[PDB]
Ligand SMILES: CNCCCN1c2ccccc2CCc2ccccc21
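First, one chain by itself in structure tokens, the form deposited without the named molecule.
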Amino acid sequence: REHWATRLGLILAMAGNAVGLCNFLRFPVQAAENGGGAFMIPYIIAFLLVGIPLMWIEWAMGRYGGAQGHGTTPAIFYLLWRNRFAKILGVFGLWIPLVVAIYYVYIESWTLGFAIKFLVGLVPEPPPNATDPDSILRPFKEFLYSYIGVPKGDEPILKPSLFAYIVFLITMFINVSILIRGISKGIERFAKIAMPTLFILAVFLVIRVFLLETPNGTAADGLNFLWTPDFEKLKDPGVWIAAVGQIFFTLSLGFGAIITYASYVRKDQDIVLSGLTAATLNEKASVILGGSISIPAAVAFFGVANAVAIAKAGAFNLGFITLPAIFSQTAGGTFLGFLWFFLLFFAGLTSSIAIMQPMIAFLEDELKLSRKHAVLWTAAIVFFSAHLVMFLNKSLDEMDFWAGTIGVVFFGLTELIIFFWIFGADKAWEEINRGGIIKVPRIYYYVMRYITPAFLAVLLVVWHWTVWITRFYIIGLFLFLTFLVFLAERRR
């Protein structure tokens, strides 16, 4: 079985798992919609009461399973809870990352295609001295709409450009070239290059954005809006719903990806300090880097109220239309846009390999496929299924809700219950702390066993016909994966 080569490479690979497209596209929108600073306090609390303990739990479950040759949750749940229903629940740890990848790699290809076009200067050229922002936003809006082929009429049909489709082919090929080299020579080797690159690009963009100023505002105004606490909105449950959901999304928790990565950590190697360092690096890249780019740039040009209204228009609109349009009003702004989309591409690529590895690990561990065949069959499934996302409008929305939103939160609660309630709280705690360079504070034993599951349960309770096409297909994917698990059990 493969193993990570270096402790640093393991850290950077896990950091790249978490630091992805959602950290930079979705997190600023969610922070701005919920009052900025009024969102950061619950998010930080959700980082301490949900993100940190669930990260340690997934690290421990992964290393525990990998010790017996199993990297995915159908087998790992059954090891922790010897029950046929544990295998059925474990299927979600393959279905969630696969379905997410079926649209995630497509969005990743957007950022690559935009990086190419912005580097060569093939971008919309708004007329100078524009006294109206719409005359600048509209060329970039039509630019994205032509790239992905937004429907012009009532038919929910997307029409991707030829360039967008070719770039999606290249993007799949790049993911395959990394994954086919394996854990150490592929994912780990790429992480050691991509994470320093990602960090340097983000720091540069933060500095450049921080210098932005118009008569409508400054970047410091946006930072003040994002970091000034508002204790009145602590009463609102919706802020906690958004904060805990963002904790799942930014940390790649509940996607089965952390577990599979941790399955290549050796039996004796640390997971406490290593996991804490990976999660801390991700939060630095999320709240400090990602949150300090697009929202402060928007506030600098539009003011807080208009920037919030812009953020309500969605992650795609802010990331692919509004931010490049704002950049186009500055010297060297086309090159600044290229850096933004190159940052997004490396963040996406380090995350998409992470959510495609669970299916690869299942085929290797349980069906005994070679790495080459496992990676190629996984890529074929993702590439084929992605045509539903590329051509059917709102198919991505349905996949992102059922697998990317409902699925990840329920799966995080499920894995915690299996590990800390069914398998055994004391046994789980000793397995988490075994071989650690530092020990988890004893207070977290009662956070994992009582506070975290009660937190998730309470918040979950407080929480067109074409949609059935996507539902019918992802339900079929689940049935397909259940059949593969069935075939594995008949061979074992």
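Residue positions are given as counts along the sequence shown, with the first one as 1.
The protein also exists as the form deposited with the named molecule bound; that form is not presented, and the subsequent description refers to it.
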| field | One residue of 223, 325, 239, 315 in contact with the named molecule, assessed in the entry with it bound (non-hydrogen atom, 4.5 angstroms) | value | 315
| request: Just give me the single entry in 287, 136, 396, 413 that has a non-hydrogen atom within 4.5 angstroms of the named molecule in the entry with it bound. | output: 396
| field | residue 21 within 4.5 Å of the named molecule in the entry with it bound, heavy atoms | value | yes
| So in the entry with it bound, does residue 107 come within 4.5 Å of the named molecule, heavy atom to heavy atom? | yes
| Is the gap between residue 29 and the named molecule in the entry with it bound 4.5 Å or less for some heavy atom pair? | yes
| request: Find out whether any non-hydrogen atom of residue 140 is located within 4.5 angstroms of the named molecule in the entry with it bound, and reply yes or no. | output: no
| 25, 103 and 400 all contacting the named molecule in the entry with it bound, non-hydrogen atom within 4.5 Å | yes
| task | Residue by residue through 466 to 492, tell me which have a non-hydrogen atom within 4.5 angstroms of the named molecule in the entry with it bound. | result | none
